[PDB]
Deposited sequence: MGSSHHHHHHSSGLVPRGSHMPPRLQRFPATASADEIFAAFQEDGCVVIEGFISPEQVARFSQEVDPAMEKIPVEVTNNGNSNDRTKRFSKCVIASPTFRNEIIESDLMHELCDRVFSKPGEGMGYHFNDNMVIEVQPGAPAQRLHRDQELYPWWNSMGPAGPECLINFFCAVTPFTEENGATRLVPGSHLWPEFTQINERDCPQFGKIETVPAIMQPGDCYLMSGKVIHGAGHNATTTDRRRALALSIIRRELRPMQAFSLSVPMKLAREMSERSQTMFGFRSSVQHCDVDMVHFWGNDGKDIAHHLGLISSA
């Protein structure tokens, strides 16, 4: 009794803070999954307050250009600006145990690190964002199709509420299993215009989406800044969009755990080394 008997049933999008082997199976089966309450209530709140001054000084472009910057604010310096982010959120033992199932291989330590820490605020009346796979960031990955390894996953977390009206993210569950991975336009995608989305949540819930999954922010209302926190995580062989080890000051890196140092590139795992030695030695982190 999930849809009225006889109706078309829409692509499946499971919801779940229980077993990691559990959430991981929903990820594998569908390409994405929701984690209701991924960051605590006040945590999501103290976080949003802490980055709000930074958001306040980001001007809004009104361009009708088609870009992803048309009335959408984006801001990446979350570690610099938010103590609760760098002290609490990125230390979710849930994140890591999930990242460990997507990415790490046995006896090789952490096969993952951060790509980005982005706060995305869809301004009211913002055109719906182009449909895309995140792994289009790494242009050849689509050419490996659904059988290729995972390159990227997003812990996409709501900051203000996510509604059909304010432009929450439209997901396409199961698009990680399509036979050919393509750009999503009328020229390159045959299914263009027939692609059945599902809008994605309340402040603190996150959805865990594969980089193979087609998606996009929808159209935005008259006075609702729809604000989100994207934890982009990639495998250790890939380069981050943000140069976090050169902008996050050494002070904050000294306060991080070994594993979070590895996420921001203040520590190696043999990639990102220093002539046969961990880069951590040279940085005065023993």
Stretches with no C-alpha position, numbering per deposited sequence from 1: 1 to 12, 29 to 30, 215, 236, 286 to 294, 312 to 314
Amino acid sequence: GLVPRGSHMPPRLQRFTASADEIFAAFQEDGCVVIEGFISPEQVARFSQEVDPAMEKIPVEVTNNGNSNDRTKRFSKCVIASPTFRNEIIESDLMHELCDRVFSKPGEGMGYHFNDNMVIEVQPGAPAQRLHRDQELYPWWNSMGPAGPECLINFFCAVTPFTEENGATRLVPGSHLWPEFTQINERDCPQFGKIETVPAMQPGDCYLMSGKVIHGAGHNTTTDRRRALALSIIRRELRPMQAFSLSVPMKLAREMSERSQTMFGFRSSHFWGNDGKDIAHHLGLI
From here on, numbers count along this sequence of modelled residues.
Residue gap status of residue 25, at least a third of other entries: no
At least a third of other PDB entries omit residue 104: no
Residue stretch of maximal mean CA temperature factor, 171 to 179 vs 135 to 143: 171 to 179
46 to 54 versus 231 to 239 - greater average Cα B-factor per the deposited record: 46 to 54
C-alpha B-factor winner, where the candidates are 247, 65, 261, 28: 65
Residue with highest C-alpha B-factor in the PDB entry, from 198, 152, 102, 110: 198
Chain third (lowest, middle, highest) by recorded CA B-factor, residue given as residue 267: lowest
Chain-relative CA temperature factor third for residue 119: middle
Chain-relative CA temperature factor third for residue 158: highest
B-factor third for the C-alpha atom of residue 211 within its chain: lowest
Residue 276 CA temperature factor, ranked by third within the chain: middle
